[PDB]
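Labels for the chains are A, B, C and D, by order of writing; each one numbers its residues from 1.
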Amino acid sequence: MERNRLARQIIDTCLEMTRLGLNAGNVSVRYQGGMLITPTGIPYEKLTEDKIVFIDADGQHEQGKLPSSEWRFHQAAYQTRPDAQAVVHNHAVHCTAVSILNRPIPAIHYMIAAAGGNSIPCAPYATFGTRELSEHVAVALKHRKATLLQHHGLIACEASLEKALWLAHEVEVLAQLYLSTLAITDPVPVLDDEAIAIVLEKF
Amino acid sequence: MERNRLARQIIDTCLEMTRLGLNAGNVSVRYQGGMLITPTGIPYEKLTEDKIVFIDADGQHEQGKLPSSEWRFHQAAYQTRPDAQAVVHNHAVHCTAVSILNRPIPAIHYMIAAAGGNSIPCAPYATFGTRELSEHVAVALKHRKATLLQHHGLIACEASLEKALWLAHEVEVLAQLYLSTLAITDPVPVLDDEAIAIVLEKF
Amino acid sequence: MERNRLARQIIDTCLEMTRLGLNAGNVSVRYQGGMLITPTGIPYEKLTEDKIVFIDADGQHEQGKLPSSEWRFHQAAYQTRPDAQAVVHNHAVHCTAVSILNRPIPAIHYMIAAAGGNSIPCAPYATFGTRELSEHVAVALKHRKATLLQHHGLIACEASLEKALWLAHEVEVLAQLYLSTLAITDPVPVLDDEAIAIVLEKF
Amino acid sequence: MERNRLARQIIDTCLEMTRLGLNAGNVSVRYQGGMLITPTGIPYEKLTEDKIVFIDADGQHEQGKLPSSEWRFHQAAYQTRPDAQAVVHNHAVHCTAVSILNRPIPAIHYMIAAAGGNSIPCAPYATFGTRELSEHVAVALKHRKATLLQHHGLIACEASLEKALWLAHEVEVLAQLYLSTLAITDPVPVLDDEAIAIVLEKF
């Protein structure tokens, strides 16, 4: 079963995300014109493959299962980024602290280019699970693979669950770096766009 | 044995609380008109189900066992909140640092609503184990499921041990968020009461 | 063998100290008029009971074994505190950061009383392993069970290895609390001596 | 096979480096006039001994394997330091935050002498994998066994993989100490050169 393997990988990603101190969250993959996504409320350690929720191309979820309350901005990510095959959302503490300040992460480290440019954006607040929040997410992901969400947390998407988790972890490292330096020096020194342009091509 | 299962769950919660970096503390459940609570002095890794202490409705503990020195504010929690079935107290480092500043945690993140409102209160100091401390705790828990204790730590109560531990962990995340942002910006941006009102209903 | 059991417990304490993120360090017990102490240079994960070093009452170590380079301030602790049966020294990061500022930890939390008073002292710097450093340590431990060492780290002593490790961990928590609050507010609010006097008696 | 044992030790070092929260990175040993080094892109948990890459004395890597994109500054380290047998590079978060400020780590703690002097230098930025970056690294390592790399991370080299990992971990502790104290007091108190001179000889 294709679905069983993917659901197993979603759970592995969830358990791994908590093990790395990154998780609250939700994880999905692109699947058959819709998505497979974690359900609402169930702790990761209690997830079984059976509990993963399919949402079709119309937003109708499987019968008898309640998908993540934030499935709508997973759908927004997939519609915005044709290259996204997996989406990771969490409230990692350093990411979320930066999002409380409503600041993008600037080019403080060359690994910022892993999200596609010279920044991690911070999308404006809207209530979790709403269409307003979805639209902000779609805009933020137009030219970036990851974005902060003001007063909320982090969305990262990539071509595989492993890469989306890796990118989510990388943005959390970037956030910790930014908080640690901002506490000493405001503004934090950044690399110029020429430096990032060079790195972007090397990637 | 009903009591053996509950005592096993109390110990599991304790061991899990230390594994999450949250513990010093004490854990109880509502039971037969009194409570089952961890004993004083015994490290969690040495607790056996036999060592859990029953305190009856009058405050008389089981013969030959010394309950947690802070059992009185577990009793205060149960008397104040009829919906509380489990109480978790710890000195989690971020919670406790905020409590040293004698500040409530404000609405810096929408998950603040998990404790019932727009804030985590910080009750005024009184000596651990005293009636004065119990009264402060009762007042703080009137409209909130968790509270900081000035110069002390954190109390969280919920409908199950798993939910009380989850809430305790959530407040520690909120505290870390507050400390991290306060070090950059004072005051920290907050969501307004309309935003929290919306979130409270979604819960 | 009495010595084999004690050496096994020293190693367990060392491995546990690193597991708690507290270790560089050295651990000893009072033994037969001298001490058993970790050797110099050997990583904790490579220690075998055979490698623990006996130092007699005169400072002569066992033949063929090199004791910890800081054994002299373990000896100072044992001579200063007749109640000390075990000594833990480490360079735990929060303790050591406070010691770099050459500040005592004040009464920011009632658990400060576990070291015997209203403070964790910070002894003045002297080169590791020297007599000058030993004398500073002896003075600092006169009325306290633990002390910081300026530009260095932490010494904690108690009636058992388990209690000395517990106290070392408690001082590291106190140090993290102090650093976290000092970054927001200088000076940090403290409990007054009446409050600590009450707590000291409850202990 | 000599190579199989060394490649096994490289992988063990990598897995251990991530377990200590220090890793992105790359690890090598001096070998047969060139080096054995981790390959590019492969996560440490997926490395097999077969995947370790030999680079000869000329910079020609083994056929069919792509060495770490930063192999050139491993080569720079080996050419600069005849005593280096192993090189560890990572983006440990505290090291990297200090490198974003473009500050050396000064003599805030006597263990700074483990890198050979009174400081951890911070080499000026250049694009990862370039000759310009290699030259900066060579200069920084002339009189030091470890160096920060501006906007990048940390390089540490020593006589064995175990010692290079130990030194890398020690510099990360020093960096965390510096950040923690700098957030309170700028500049941070340091030991004078006489104190470090004494420690250097004791080593």
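Throughout what follows, contacts are C-beta pairs under 8 Å (C-beta built on N, C-alpha and C of every residue); 3 or more make two chains touch, one makes a residue touch a chain.
Enquirer: Write the angle of the rotation needed to overlay chain B on chain D, where the fit uses Cα atoms and the result is rounded to the nearest 5°.
Expert: 180
Enquirer: Would you mind pulling out the distance in Å between where the CA atoms of chain B average out and where those of chain D do?
Expert: 44
Enquirer: Mind checking the centre-to-centre distance between chain B and chain C? Centres are C-alpha means, answer in whole Å.
Expert: Chain centroid spacing, chain B to chain C, equals 31 Å.
Enquirer: Using the touch rule from the top of the page, what residues of chain C touch 2 or more other chains?
Expert: Within chain C, the residues that touch at least two other chains are 183.
Enquirer: Quick one: label the inter-chain contact graph as line, ring, star, complete or other.
Expert: ring
Enquirer: For this structure, give each pair of chains that are touching.
Expert: A-B, A-D, B-C, C-D
Enquirer: Mind listing the chain B positions that touch chain A in their complex?
Expert: Residues of chain B touching chain A: 108-111, 162, 166, 173, 176-177, 180-181, 183-185, 188-189, 191, 195, 198-199, 202.
Enquirer: Which positions of chain D touch chain A when the two form their complex?
Expert: Checking each residue of chain D against chain A gives 24, 43, 69, 91, 93-94, 96-97, 100-102, 125, 127-129, 151-152, 179, 182-183, 186.
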